[PDB]
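Given next, in structure tokens, is a single chain: the form deposited without benzaldehyde (HBX).
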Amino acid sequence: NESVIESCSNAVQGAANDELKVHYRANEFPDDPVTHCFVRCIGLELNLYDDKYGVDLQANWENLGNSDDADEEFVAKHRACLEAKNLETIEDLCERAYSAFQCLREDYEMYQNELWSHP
């Protein structure tokens, strides 16, 4: 939402940038260090993500326009995607969050057009 975008743009060094914010409001998240930290911030703020427990799959399911229990195949597919990314070995917390969210890229794009993965 608007609120979390403005707050994270202030929280993250470099993110209060006109050009990046145009992308962010268009749901476009480039692979750059500032945007890495921005994506982490939004995930933390919306309770979609956690540095330790990873991606909250039920929370994201709901953020994809659903009010019910996540489909089993949605959970399975993303748990597997996230495990394959070996997130625990990614030392940079922003890079780790960005890499995590890449698993859910296709879902968010389709939509636009607790079930922690690491319990």
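One-based numbering along the sequence shown.
This next part talks about the form solved in complex with benzaldehyde (HBX), which is not shown.
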Legend entry - benzaldehyde (HBX) overlaid from its position in the deposited complex: site open or blocked at 2.4 Å backbone/C-beta: open
Legend entry - benzaldehyde (HBX) contact in the deposited complex: residue 48, any heavy atom under 4.5 Å: yes
Legend entry - benzaldehyde (HBX) contact in the deposited complex: residue 24, any heavy atom under 4.5 Å: no
Legend entry - Contacts with benzaldehyde (HBX) in the deposited complex - residues in 26-58 whose heavy atoms fall within 4.5 Å: 39, 40, 43, 48, 49, 55
